[PDB]
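Data block for structure09.txt (compact mmCIF, N, CA, C and O atoms and all ligand atoms):
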```txt
# COMPACT_ATOMS: atom_id res chain seq x y z
N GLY Y 1 -34.53 8.46 -4.61
CA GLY Y 1 -33.32 7.59 -4.70
C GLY Y 1 -32.73 7.55 -6.10
O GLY Y 1 -33.14 6.74 -6.95
N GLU Y 2 -31.75 8.43 -6.34
CA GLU Y 2 -31.06 8.49 -7.63
C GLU Y 2 -29.87 7.52 -7.66
O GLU Y 2 -29.06 7.45 -6.74
N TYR Y 3 -29.75 6.78 -8.76
CA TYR Y 3 -28.59 5.92 -8.97
C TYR Y 3 -27.42 6.77 -9.49
O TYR Y 3 -27.52 7.38 -10.57
N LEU Y 4 -26.31 6.77 -8.75
CA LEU Y 4 -25.15 7.57 -9.11
C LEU Y 4 -24.23 6.75 -9.98
O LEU Y 4 -23.86 5.63 -9.64
N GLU Y 5 -23.85 7.31 -11.11
CA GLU Y 5 -23.02 6.57 -12.05
C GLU Y 5 -21.59 6.46 -11.55
O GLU Y 5 -21.03 7.40 -11.00
N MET Y 6 -21.03 5.28 -11.73
CA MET Y 6 -19.62 5.05 -11.48
C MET Y 6 -19.01 4.16 -12.55
O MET Y 6 -19.72 3.61 -13.42
N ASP Y 7 -17.68 4.07 -12.49
CA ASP Y 7 -16.87 3.33 -13.43
C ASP Y 7 -16.16 2.21 -12.68
O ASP Y 7 -15.78 2.38 -11.52
N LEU Y 8 -15.95 1.10 -13.36
CA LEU Y 8 -15.15 0.01 -12.80
C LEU Y 8 -13.67 0.23 -13.05
O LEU Y 8 -13.30 0.88 -14.07
N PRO Y 9 -12.79 -0.29 -12.19
CA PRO Y 9 -13.13 -1.02 -10.98
C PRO Y 9 -13.69 -0.10 -9.91
O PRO Y 9 -13.38 1.09 -9.90
N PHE Y 10 -14.51 -0.67 -9.03
CA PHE Y 10 -15.21 0.09 -8.03
C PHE Y 10 -15.23 -0.68 -6.73
O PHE Y 10 -15.49 -1.88 -6.73
N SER Y 11 -14.97 -0.01 -5.62
CA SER Y 11 -15.23 -0.63 -4.32
C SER Y 11 -15.77 0.37 -3.37
O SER Y 11 -15.65 1.56 -3.57
N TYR Y 12 -16.45 -0.15 -2.35
CA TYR Y 12 -16.96 0.71 -1.30
C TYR Y 12 -16.78 0.01 0.04
O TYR Y 12 -16.95 -1.20 0.14
N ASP Y 13 -16.47 0.81 1.07
CA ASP Y 13 -16.31 0.34 2.44
C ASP Y 13 -17.16 1.16 3.39
O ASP Y 13 -17.12 2.39 3.36
N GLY Y 14 -17.89 0.46 4.27
CA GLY Y 14 -18.57 1.07 5.38
C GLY Y 14 -20.08 1.01 5.32
O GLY Y 14 -20.70 0.49 4.40
N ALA Y 15 -20.66 1.60 6.35
CA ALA Y 15 -22.08 1.55 6.54
C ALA Y 15 -22.79 2.56 5.68
O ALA Y 15 -22.24 3.59 5.33
N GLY Y 16 -24.03 2.24 5.38
CA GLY Y 16 -24.93 3.11 4.65
C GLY Y 16 -25.68 2.37 3.58
O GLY Y 16 -25.52 1.16 3.40
N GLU Y 17 -26.52 3.12 2.90
CA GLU Y 17 -27.37 2.57 1.86
C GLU Y 17 -27.22 3.46 0.65
O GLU Y 17 -27.45 4.67 0.74
N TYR Y 18 -26.81 2.86 -0.46
CA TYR Y 18 -26.38 3.57 -1.65
C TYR Y 18 -26.95 2.94 -2.89
O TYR Y 18 -27.17 1.72 -2.96
N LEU Y 19 -27.13 3.79 -3.90
CA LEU Y 19 -27.59 3.38 -5.24
C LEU Y 19 -26.54 3.81 -6.26
O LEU Y 19 -26.24 5.00 -6.37
N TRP Y 20 -26.03 2.85 -7.04
CA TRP Y 20 -25.01 3.14 -8.05
C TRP Y 20 -25.46 2.53 -9.37
O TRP Y 20 -26.18 1.55 -9.37
N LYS Y 21 -24.97 3.08 -10.47
CA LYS Y 21 -25.19 2.45 -11.76
C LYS Y 21 -23.91 2.49 -12.57
O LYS Y 21 -23.09 3.37 -12.38
N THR Y 22 -23.77 1.51 -13.46
CA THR Y 22 -22.63 1.46 -14.35
C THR Y 22 -23.02 0.74 -15.61
O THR Y 22 -23.89 -0.11 -15.60
N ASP Y 23 -22.32 1.05 -16.69
CA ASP Y 23 -22.44 0.25 -17.90
C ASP Y 23 -21.16 -0.55 -18.17
O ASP Y 23 -20.96 -0.98 -19.31
N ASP Y 24 -20.31 -0.76 -17.15
CA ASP Y 24 -18.94 -1.26 -17.36
C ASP Y 24 -18.79 -2.76 -17.10
O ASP Y 24 -17.66 -3.26 -17.19
N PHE Y 25 -19.86 -3.47 -16.72
CA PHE Y 25 -19.69 -4.90 -16.45
C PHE Y 25 -19.28 -5.68 -17.70
O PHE Y 25 -19.71 -5.37 -18.80
N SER Y 26 -18.50 -6.73 -17.49
CA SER Y 26 -18.20 -7.66 -18.57
C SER Y 26 -19.50 -8.33 -19.06
O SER Y 26 -20.32 -8.78 -18.24
N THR Y 27 -19.69 -8.37 -20.37
CA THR Y 27 -20.74 -9.15 -20.99
C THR Y 27 -20.21 -10.35 -21.76
O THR Y 27 -20.97 -11.01 -22.45
N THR Y 28 -18.91 -10.55 -21.74
CA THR Y 28 -18.32 -11.74 -22.24
C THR Y 28 -17.81 -12.56 -21.06
O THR Y 28 -17.53 -12.04 -19.98
N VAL Y 29 -17.70 -13.86 -21.28
CA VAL Y 29 -17.27 -14.75 -20.23
C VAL Y 29 -15.85 -14.39 -19.81
O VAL Y 29 -14.93 -14.41 -20.61
N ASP Y 30 -15.70 -14.06 -18.53
CA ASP Y 30 -14.43 -13.70 -17.93
C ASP Y 30 -14.54 -13.95 -16.45
O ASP Y 30 -15.04 -13.11 -15.67
N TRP Y 31 -14.02 -15.11 -16.04
CA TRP Y 31 -14.08 -15.46 -14.62
C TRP Y 31 -13.18 -14.61 -13.72
O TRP Y 31 -13.27 -14.68 -12.47
N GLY Y 32 -12.34 -13.79 -14.34
CA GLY Y 32 -11.58 -12.81 -13.61
C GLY Y 32 -12.24 -11.50 -13.30
O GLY Y 32 -11.71 -10.74 -12.53
N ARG Y 33 -13.38 -11.21 -13.92
CA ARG Y 33 -14.07 -9.93 -13.72
C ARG Y 33 -15.31 -10.24 -12.92
O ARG Y 33 -16.21 -10.92 -13.41
N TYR Y 34 -15.33 -9.79 -11.66
CA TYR Y 34 -16.29 -10.27 -10.66
C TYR Y 34 -16.80 -9.16 -9.79
O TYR Y 34 -16.36 -8.01 -9.86
N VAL Y 35 -17.80 -9.55 -9.01
CA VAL Y 35 -18.37 -8.76 -7.90
C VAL Y 35 -18.28 -9.63 -6.66
O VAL Y 35 -18.58 -10.84 -6.71
N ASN Y 36 -17.84 -9.06 -5.54
CA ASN Y 36 -17.87 -9.77 -4.27
C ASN Y 36 -18.15 -8.79 -3.15
O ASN Y 36 -17.94 -7.59 -3.29
N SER Y 37 -18.68 -9.31 -2.05
CA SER Y 37 -19.04 -8.49 -0.92
C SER Y 37 -18.99 -9.33 0.33
O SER Y 37 -19.04 -10.55 0.30
N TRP Y 38 -18.93 -8.62 1.43
CA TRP Y 38 -19.03 -9.22 2.76
C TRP Y 38 -19.61 -8.23 3.75
O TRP Y 38 -19.48 -7.01 3.61
N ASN Y 39 -20.25 -8.80 4.78
CA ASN Y 39 -20.84 -8.06 5.85
C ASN Y 39 -21.88 -7.03 5.43
O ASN Y 39 -22.07 -6.01 6.10
N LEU Y 40 -22.55 -7.31 4.31
CA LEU Y 40 -23.65 -6.48 3.84
C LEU Y 40 -24.99 -7.00 4.31
O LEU Y 40 -25.17 -8.19 4.57
N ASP Y 41 -25.92 -6.06 4.38
CA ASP Y 41 -27.34 -6.35 4.57
C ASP Y 41 -28.04 -6.65 3.25
O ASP Y 41 -28.96 -7.43 3.22
N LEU Y 42 -27.57 -6.02 2.19
CA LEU Y 42 -28.17 -6.15 0.86
C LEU Y 42 -27.16 -5.76 -0.20
O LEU Y 42 -26.49 -4.73 -0.08
N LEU Y 43 -27.05 -6.61 -1.24
CA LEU Y 43 -26.44 -6.20 -2.50
C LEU Y 43 -27.29 -6.77 -3.62
O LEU Y 43 -27.29 -7.97 -3.84
N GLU Y 44 -28.05 -5.90 -4.26
CA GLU Y 44 -28.97 -6.29 -5.30
C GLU Y 44 -28.54 -5.61 -6.60
O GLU Y 44 -28.23 -4.41 -6.57
N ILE Y 45 -28.51 -6.34 -7.71
CA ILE Y 45 -28.14 -5.76 -9.01
C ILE Y 45 -29.20 -6.16 -10.01
O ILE Y 45 -29.42 -7.35 -10.23
N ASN Y 46 -29.91 -5.16 -10.55
CA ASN Y 46 -31.01 -5.42 -11.47
C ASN Y 46 -32.02 -6.43 -10.94
O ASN Y 46 -32.50 -7.29 -11.66
N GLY Y 47 -32.32 -6.29 -9.64
CA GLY Y 47 -33.29 -7.17 -9.01
C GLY Y 47 -32.81 -8.54 -8.60
O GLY Y 47 -33.63 -9.34 -8.12
N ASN Y 48 -31.52 -8.79 -8.75
CA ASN Y 48 -30.96 -10.07 -8.39
C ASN Y 48 -30.15 -9.93 -7.12
O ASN Y 48 -29.37 -8.98 -6.94
N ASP Y 49 -30.33 -10.90 -6.26
CA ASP Y 49 -29.69 -10.93 -4.94
C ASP Y 49 -28.29 -11.54 -5.02
O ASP Y 49 -28.14 -12.73 -5.31
N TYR Y 50 -27.29 -10.70 -4.73
CA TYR Y 50 -25.89 -11.13 -4.62
C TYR Y 50 -25.29 -10.77 -3.28
O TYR Y 50 -24.09 -10.62 -3.15
N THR Y 51 -26.13 -10.70 -2.26
CA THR Y 51 -25.67 -10.19 -0.98
C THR Y 51 -24.62 -11.15 -0.39
O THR Y 51 -24.94 -12.29 -0.09
N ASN Y 52 -23.38 -10.67 -0.21
CA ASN Y 52 -22.29 -11.42 0.37
C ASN Y 52 -21.92 -12.68 -0.42
O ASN Y 52 -21.44 -13.66 0.16
N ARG Y 53 -22.08 -12.60 -1.75
CA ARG Y 53 -21.79 -13.72 -2.64
C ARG Y 53 -20.90 -13.26 -3.78
O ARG Y 53 -21.05 -12.17 -4.29
N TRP Y 54 -20.01 -14.15 -4.20
CA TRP Y 54 -19.14 -13.92 -5.32
C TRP Y 54 -19.89 -14.28 -6.61
O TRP Y 54 -20.48 -15.37 -6.72
N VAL Y 55 -19.86 -13.36 -7.57
CA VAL Y 55 -20.45 -13.61 -8.88
C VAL Y 55 -19.60 -12.95 -9.96
O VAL Y 55 -19.04 -11.88 -9.76
N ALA Y 56 -19.46 -13.60 -11.11
CA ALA Y 56 -18.77 -12.98 -12.21
C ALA Y 56 -19.68 -11.94 -12.81
O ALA Y 56 -20.91 -12.13 -12.88
N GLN Y 57 -19.11 -10.84 -13.28
CA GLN Y 57 -19.91 -9.81 -13.92
C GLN Y 57 -20.77 -10.33 -15.06
O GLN Y 57 -21.92 -9.92 -15.20
N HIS Y 58 -20.21 -11.25 -15.86
CA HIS Y 58 -20.94 -11.79 -17.01
C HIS Y 58 -22.11 -12.66 -16.61
O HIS Y 58 -22.94 -12.98 -17.46
N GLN Y 59 -22.20 -13.04 -15.34
CA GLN Y 59 -23.37 -13.79 -14.84
C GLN Y 59 -24.56 -12.89 -14.47
O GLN Y 59 -25.66 -13.39 -14.29
N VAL Y 60 -24.31 -11.58 -14.36
CA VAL Y 60 -25.31 -10.63 -13.90
C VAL Y 60 -25.99 -10.02 -15.12
O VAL Y 60 -25.34 -9.27 -15.89
N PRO Y 61 -27.29 -10.29 -15.32
CA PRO Y 61 -27.94 -9.71 -16.48
C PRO Y 61 -28.00 -8.20 -16.42
O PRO Y 61 -28.28 -7.64 -15.35
N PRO Y 62 -27.71 -7.52 -17.54
CA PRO Y 62 -27.93 -6.09 -17.58
C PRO Y 62 -29.43 -5.79 -17.57
O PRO Y 62 -30.26 -6.65 -17.81
N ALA Y 63 -29.76 -4.54 -17.34
CA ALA Y 63 -31.11 -4.06 -17.58
C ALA Y 63 -31.28 -3.84 -19.08
O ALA Y 63 -30.33 -3.91 -19.86
N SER Y 64 -32.50 -3.52 -19.49
CA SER Y 64 -32.79 -3.43 -20.92
C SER Y 64 -32.20 -2.19 -21.59
O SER Y 64 -32.26 -2.07 -22.81
N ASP Y 65 -31.63 -1.27 -20.78
CA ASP Y 65 -30.86 -0.14 -21.29
C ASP Y 65 -29.35 -0.37 -21.30
O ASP Y 65 -28.60 0.54 -21.57
N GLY Y 66 -28.92 -1.59 -20.97
CA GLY Y 66 -27.51 -1.93 -20.93
C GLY Y 66 -26.75 -1.54 -19.66
O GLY Y 66 -25.55 -1.63 -19.62
N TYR Y 67 -27.45 -1.07 -18.65
CA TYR Y 67 -26.84 -0.70 -17.39
C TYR Y 67 -27.07 -1.73 -16.30
O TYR Y 67 -27.94 -2.58 -16.36
N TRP Y 68 -26.23 -1.61 -15.27
CA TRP Y 68 -26.36 -2.38 -14.05
C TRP Y 68 -26.68 -1.41 -12.91
O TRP Y 68 -25.89 -0.49 -12.65
N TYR Y 69 -27.83 -1.62 -12.27
CA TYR Y 69 -28.35 -0.79 -11.19
C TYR Y 69 -28.17 -1.53 -9.88
O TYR Y 69 -28.73 -2.61 -9.68
N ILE Y 70 -27.34 -0.95 -9.01
CA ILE Y 70 -26.85 -1.61 -7.80
C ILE Y 70 -27.40 -0.92 -6.57
O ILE Y 70 -27.28 0.30 -6.44
N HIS Y 71 -27.97 -1.72 -5.68
CA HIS Y 71 -28.43 -1.25 -4.38
C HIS Y 71 -27.61 -1.94 -3.31
O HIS Y 71 -27.61 -3.16 -3.22
N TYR Y 72 -26.89 -1.14 -2.53
CA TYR Y 72 -26.00 -1.59 -1.45
C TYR Y 72 -26.57 -1.15 -0.12
O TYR Y 72 -27.00 0.01 0.03
N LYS Y 73 -26.52 -2.03 0.88
CA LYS Y 73 -26.78 -1.62 2.26
C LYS Y 73 -25.85 -2.42 3.17
O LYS Y 73 -25.76 -3.66 3.07
N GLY Y 74 -25.16 -1.69 4.04
CA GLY Y 74 -24.34 -2.29 5.08
C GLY Y 74 -24.49 -1.51 6.36
O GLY Y 74 -24.81 -0.32 6.35
N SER Y 75 -24.27 -2.21 7.47
CA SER Y 75 -24.42 -1.62 8.79
C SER Y 75 -23.13 -1.55 9.61
O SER Y 75 -23.17 -1.15 10.77
N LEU Y 76 -22.01 -1.98 9.04
CA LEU Y 76 -20.73 -2.09 9.76
C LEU Y 76 -19.65 -1.33 9.07
O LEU Y 76 -19.69 -1.17 7.85
N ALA Y 77 -18.62 -0.91 9.83
CA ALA Y 77 -17.50 -0.20 9.22
C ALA Y 77 -16.77 -1.07 8.20
O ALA Y 77 -16.21 -0.57 7.25
N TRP Y 78 -16.84 -2.37 8.38
CA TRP Y 78 -16.18 -3.31 7.49
C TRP Y 78 -17.13 -3.95 6.47
O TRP Y 78 -16.76 -4.88 5.75
N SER Y 79 -18.35 -3.45 6.38
CA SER Y 79 -19.16 -3.78 5.23
C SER Y 79 -18.39 -3.41 3.94
O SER Y 79 -17.72 -2.38 3.90
N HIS Y 80 -18.49 -4.22 2.90
CA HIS Y 80 -17.64 -4.04 1.73
C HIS Y 80 -18.27 -4.62 0.47
O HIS Y 80 -18.84 -5.71 0.50
N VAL Y 81 -18.07 -3.92 -0.65
CA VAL Y 81 -18.28 -4.49 -1.98
C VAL Y 81 -17.08 -4.13 -2.84
O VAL Y 81 -16.45 -3.08 -2.68
N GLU Y 82 -16.79 -4.99 -3.81
CA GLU Y 82 -15.83 -4.69 -4.88
C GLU Y 82 -16.30 -5.29 -6.20
O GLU Y 82 -16.93 -6.34 -6.23
N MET Y 83 -15.99 -4.57 -7.28
CA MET Y 83 -16.35 -4.95 -8.64
C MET Y 83 -15.13 -4.65 -9.46
O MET Y 83 -14.78 -3.49 -9.65
N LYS Y 84 -14.39 -5.70 -9.81
CA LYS Y 84 -13.00 -5.51 -10.25
C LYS Y 84 -12.47 -6.73 -10.98
O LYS Y 84 -13.19 -7.71 -11.19
N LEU Y 85 -11.20 -6.64 -11.36
CA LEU Y 85 -10.46 -7.69 -12.03
C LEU Y 85 -9.57 -8.41 -11.01
O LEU Y 85 -8.89 -7.78 -10.20
N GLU Y 86 -9.57 -9.74 -11.07
CA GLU Y 86 -8.70 -10.57 -10.30
C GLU Y 86 -7.25 -10.26 -10.64
O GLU Y 86 -6.86 -10.25 -11.82
N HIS Y 87 -6.44 -10.01 -9.61
CA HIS Y 87 -5.05 -9.63 -9.84
C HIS Y 87 -4.23 -10.85 -10.23
O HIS Y 87 -3.34 -10.71 -11.04
N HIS Y 88 -4.51 -11.96 -9.54
CA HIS Y 88 -4.06 -13.37 -9.79
C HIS Y 88 -3.62 -14.08 -8.51
O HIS Y 88 -4.28 -14.99 -8.00
CA CA V 101 -19.05 3.59 -17.95
NI NI V 102 0.76 -8.12 -11.98
```
What do you get writing this file as structure tokens?
Amino acid sequence: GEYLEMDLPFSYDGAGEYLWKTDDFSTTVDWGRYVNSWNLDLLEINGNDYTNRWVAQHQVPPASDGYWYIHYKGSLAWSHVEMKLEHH
């Protein structure tokens, strides 16, 4: 299971189980830069459970190498995650 690097903003739609990594999360307080998901079985980031929950990027601790390691699992065509900036 290799973590595939991606850049923000990032979203994914549909079923499957995927491993992604990024170093692009906000580390300063910004309630506009968030992660959200729905209809997932699992969304874990650095061992923290965010499955189907809204969280600001700055609330998610990085790993000790400065990356965020994301494990996604969904079983539906409308399973979804997004990691992005609030448009307003
Ligand atoms: Ca990057
Ligand atoms: Ni605008």
12 Å shell around ligand CA 101 (chain V) using only C-alpha atoms and all ligand atoms, listed as a PDB file with N, CA, C and O atoms, keeping the file's coordinate frame:
```pdb
ATOM      1  N   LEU Y   4     -26.310   6.770  -8.750  1.00  0.00           N
ATOM      2  CA  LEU Y   4     -25.150   7.570  -9.110  1.00  0.00           C
ATOM      3  C   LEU Y   4     -24.230   6.750  -9.980  1.00  0.00           C
ATOM      4  O   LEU Y   4     -23.860   5.630  -9.640  1.00  0.00           O
ATOM      5  N   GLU Y   5     -23.850   7.310 -11.110  1.00  0.00           N
ATOM      6  CA  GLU Y   5     -23.020   6.570 -12.050  1.00  0.00           C
ATOM      7  C   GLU Y   5     -21.590   6.460 -11.550  1.00  0.00           C
ATOM      8  O   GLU Y   5     -21.030   7.400 -11.000  1.00  0.00           O
ATOM      9  N   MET Y   6     -21.030   5.280 -11.730  1.00  0.00           N
ATOM     10  CA  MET Y   6     -19.620   5.050 -11.480  1.00  0.00           C
ATOM     11  C   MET Y   6     -19.010   4.160 -12.550  1.00  0.00           C
ATOM     12  O   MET Y   6     -19.720   3.610 -13.420  1.00  0.00           O
ATOM     13  N   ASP Y   7     -17.680   4.070 -12.490  1.00  0.00           N
ATOM     14  CA  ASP Y   7     -16.870   3.330 -13.430  1.00  0.00           C
ATOM     15  C   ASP Y   7     -16.160   2.210 -12.680  1.00  0.00           C
ATOM     16  O   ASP Y   7     -15.780   2.380 -11.520  1.00  0.00           O
ATOM     17  N   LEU Y   8     -15.950   1.100 -13.360  1.00  0.00           N
ATOM     18  CA  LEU Y   8     -15.150   0.010 -12.800  1.00  0.00           C
ATOM     19  C   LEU Y   8     -13.670   0.230 -13.050  1.00  0.00           C
ATOM     20  O   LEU Y   8     -13.300   0.880 -14.070  1.00  0.00           O
ATOM     21  N   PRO Y   9     -12.790  -0.290 -12.190  1.00  0.00           N
ATOM     22  CA  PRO Y   9     -13.130  -1.020 -10.980  1.00  0.00           C
ATOM     23  C   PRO Y   9     -13.690  -0.100  -9.910  1.00  0.00           C
ATOM     24  O   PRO Y   9     -13.380   1.090  -9.900  1.00  0.00           O
ATOM     25  N   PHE Y  10     -14.510  -0.670  -9.030  1.00  0.00           N
ATOM     26  CA  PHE Y  10     -15.210   0.090  -8.030  1.00  0.00           C
ATOM     27  C   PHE Y  10     -15.230  -0.680  -6.730  1.00  0.00           C
ATOM     28  O   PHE Y  10     -15.490  -1.880  -6.730  1.00  0.00           O
ATOM     29  N   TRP Y  20     -26.030   2.850  -7.040  1.00  0.00           N
ATOM     30  CA  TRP Y  20     -25.010   3.140  -8.050  1.00  0.00           C
ATOM     31  C   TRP Y  20     -25.460   2.530  -9.370  1.00  0.00           C
ATOM     32  O   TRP Y  20     -26.180   1.550  -9.370  1.00  0.00           O
ATOM     33  N   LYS Y  21     -24.970   3.080 -10.470  1.00  0.00           N
ATOM     34  CA  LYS Y  21     -25.190   2.450 -11.760  1.00  0.00           C
ATOM     35  C   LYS Y  21     -23.910   2.490 -12.570  1.00  0.00           C
ATOM     36  O   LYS Y  21     -23.090   3.370 -12.380  1.00  0.00           O
ATOM     37  N   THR Y  22     -23.770   1.510 -13.460  1.00  0.00           N
ATOM     38  CA  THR Y  22     -22.630   1.460 -14.350  1.00  0.00           C
ATOM     39  C   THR Y  22     -23.020   0.740 -15.610  1.00  0.00           C
ATOM     40  O   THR Y  22     -23.890  -0.110 -15.600  1.00  0.00           O
ATOM     41  N   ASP Y  23     -22.320   1.050 -16.690  1.00  0.00           N
ATOM     42  CA  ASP Y  23     -22.440   0.250 -17.900  1.00  0.00           C
ATOM     43  C   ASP Y  23     -21.160  -0.550 -18.170  1.00  0.00           C
ATOM     44  O   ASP Y  23     -20.960  -0.980 -19.310  1.00  0.00           O
ATOM     45  N   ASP Y  24     -20.310  -0.760 -17.150  1.00  0.00           N
ATOM     46  CA  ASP Y  24     -18.940  -1.260 -17.360  1.00  0.00           C
ATOM     47  C   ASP Y  24     -18.790  -2.760 -17.100  1.00  0.00           C
ATOM     48  O   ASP Y  24     -17.660  -3.260 -17.190  1.00  0.00           O
ATOM     49  N   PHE Y  25     -19.860  -3.470 -16.720  1.00  0.00           N
ATOM     50  CA  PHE Y  25     -19.690  -4.900 -16.450  1.00  0.00           C
ATOM     51  C   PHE Y  25     -19.280  -5.680 -17.700  1.00  0.00           C
ATOM     52  O   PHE Y  25     -19.710  -5.370 -18.800  1.00  0.00           O
ATOM     53  N   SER Y  26     -18.500  -6.730 -17.490  1.00  0.00           N
ATOM     54  CA  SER Y  26     -18.200  -7.660 -18.570  1.00  0.00           C
ATOM     55  C   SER Y  26     -19.500  -8.330 -19.060  1.00  0.00           C
ATOM     56  O   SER Y  26     -20.320  -8.780 -18.240  1.00  0.00           O
ATOM     57  N   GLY Y  66     -28.920  -1.590 -20.970  1.00  0.00           N
ATOM     58  CA  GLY Y  66     -27.510  -1.930 -20.930  1.00  0.00           C
ATOM     59  C   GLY Y  66     -26.750  -1.540 -19.660  1.00  0.00           C
ATOM     60  O   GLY Y  66     -25.550  -1.630 -19.620  1.00  0.00           O
ATOM     61  N   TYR Y  67     -27.450  -1.070 -18.650  1.00  0.00           N
ATOM     62  CA  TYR Y  67     -26.840  -0.700 -17.390  1.00  0.00           C
ATOM     63  C   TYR Y  67     -27.070  -1.730 -16.300  1.00  0.00           C
ATOM     64  O   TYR Y  67     -27.940  -2.580 -16.360  1.00  0.00           O
ATOM     65  N   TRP Y  68     -26.230  -1.610 -15.270  1.00  0.00           N
ATOM     66  CA  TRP Y  68     -26.360  -2.380 -14.050  1.00  0.00           C
ATOM     67  C   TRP Y  68     -26.680  -1.410 -12.910  1.00  0.00           C
ATOM     68  O   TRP Y  68     -25.890  -0.490 -12.650  1.00  0.00           O
TER      69      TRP Y  68
END
```
Any idea what's packed within 8 Å of stretch 40-48 of chain Y, counting all atoms listed in the file, ignoring anything in its chain fewer than 2 positions away? Could you give it as a PyMOL selection string? chain Y and resi 14+16-20+37-38+50-53+60-63+67-76+78-81
For the atom pair atom N of residue Y:88 and atom O of residue Y:31, what is the interatomic distance in Å to one decimal place?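 So the answer is 9.6 Å.
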Suppose you want the space between atom O of residue Y:77 and atom C of residue Y:56; what is it in Å?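 Result for atom O of residue Y:77 versus atom C of residue Y:56: 23.3 Å, one decimal.
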Show me which residues line ligand NI 102 (chain V), defined as having an atom within 12 Å of a ligand atom where only C-alpha atoms and all ligand atoms count, and present them as a PyMOL selection string. chain Y and resi 85-88
Would you list the residues near (-16.9, -14.6, -10.7) (no more than 6 Å away, in the coordinates of the file, using all atoms listed in the file) as a PyMOL selection string? chain Y and resi 30-35+54-57
Can I get the selection written as a PDB file, keeping the file's coordinate frame, with N, CA, C and O atoms?
```
ATOM      1  N   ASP Y  30     -15.700 -14.060 -18.530  1.00  0.00           N
ATOM      2  CA  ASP Y  30     -14.430 -13.700 -17.930  1.00  0.00           C
ATOM      3  C   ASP Y  30     -14.540 -13.950 -16.450  1.00  0.00           C
ATOM      4  O   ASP Y  30     -15.040 -13.110 -15.670  1.00  0.00           O
ATOM      5  N   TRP Y  31     -14.020 -15.110 -16.040  1.00  0.00           N
ATOM      6  CA  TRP Y  31     -14.080 -15.460 -14.620  1.00  0.00           C
ATOM      7  C   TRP Y  31     -13.180 -14.610 -13.720  1.00  0.00           C
ATOM      8  O   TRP Y  31     -13.270 -14.680 -12.470  1.00  0.00           O
ATOM      9  N   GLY Y  32     -12.340 -13.790 -14.340  1.00  0.00           N
ATOM     10  CA  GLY Y  32     -11.580 -12.810 -13.610  1.00  0.00           C
ATOM     11  C   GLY Y  32     -12.240 -11.500 -13.300  1.00  0.00           C
ATOM     12  O   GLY Y  32     -11.710 -10.740 -12.530  1.00  0.00           O
ATOM     13  N   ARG Y  33     -13.380 -11.210 -13.920  1.00  0.00           N
ATOM     14  CA  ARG Y  33     -14.070  -9.930 -13.720  1.00  0.00           C
ATOM     15  C   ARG Y  33     -15.310 -10.240 -12.920  1.00  0.00           C
ATOM     16  O   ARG Y  33     -16.210 -10.920 -13.410  1.00  0.00           O
ATOM     17  N   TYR Y  34     -15.330  -9.790 -11.660  1.00  0.00           N
ATOM     18  CA  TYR Y  34     -16.290 -10.270 -10.660  1.00  0.00           C
ATOM     19  C   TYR Y  34     -16.800  -9.160  -9.790  1.00  0.00           C
ATOM     20  O   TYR Y  34     -16.360  -8.010  -9.860  1.00  0.00           O
ATOM     21  N   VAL Y  35     -17.800  -9.550  -9.010  1.00  0.00           N
ATOM     22  CA  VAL Y  35     -18.370  -8.760  -7.900  1.00  0.00           C
ATOM     23  C   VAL Y  35     -18.280  -9.630  -6.660  1.00  0.00           C
ATOM     24  O   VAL Y  35     -18.580 -10.840  -6.710  1.00  0.00           O
ATOM     25  N   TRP Y  54     -20.010 -14.150  -4.200  1.00  0.00           N
ATOM     26  CA  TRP Y  54     -19.140 -13.920  -5.320  1.00  0.00           C
ATOM     27  C   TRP Y  54     -19.890 -14.280  -6.610  1.00  0.00           C
ATOM     28  O   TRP Y  54     -20.480 -15.370  -6.720  1.00  0.00           O
ATOM     29  N   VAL Y  55     -19.860 -13.360  -7.570  1.00  0.00           N
ATOM     30  CA  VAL Y  55     -20.450 -13.610  -8.880  1.00  0.00           C
ATOM     31  C   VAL Y  55     -19.600 -12.950  -9.960  1.00  0.00           C
ATOM     32  O   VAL Y  55     -19.040 -11.880  -9.760  1.00  0.00           O
ATOM     33  N   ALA Y  56     -19.460 -13.600 -11.110  1.00  0.00           N
ATOM     34  CA  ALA Y  56     -18.770 -12.980 -12.210  1.00  0.00           C
ATOM     35  C   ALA Y  56     -19.680 -11.940 -12.810  1.00  0.00           C
ATOM     36  O   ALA Y  56     -20.910 -12.130 -12.880  1.00  0.00           O
ATOM     37  N   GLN Y  57     -19.110 -10.840 -13.280  1.00  0.00           N
ATOM     38  CA  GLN Y  57     -19.910  -9.810 -13.920  1.00  0.00           C
ATOM     39  C   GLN Y  57     -20.770 -10.330 -15.060  1.00  0.00           C
ATOM     40  O   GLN Y  57     -21.920  -9.920 -15.200  1.00  0.00           O
TER      41      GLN Y  57
END
```
Rounded to one decimal place, report the atom N of residue Y:11-atom C of residue Y:64 distance in Å.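 Atom C of residue Y:64 lies at a distance of 23.6 Å from atom N of residue Y:11.
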Enumerate as a PyMOL selection string all residues of chain Y assigned to strand (DSSP E or B) by DSSP on the backbone, naming them with the chain letters and numbers the document uses. chain Y and resi 4-5+10-13+16-22+33-38+40-45+48-49+55-56+68-74+80-85
Centre and edge lengths, as JSON, for the axis-aligned box enclosing every listed atom of stretch 45-58 of chain Y with 5 Å of padding on each of the six sides, in Å to one decimal?
```
{"center_x": -26.2, "center_y": -10.3, "center_z": -8.5, "size_x": 24.9, "size_y": 20.2, "size_z": 27.8}
```
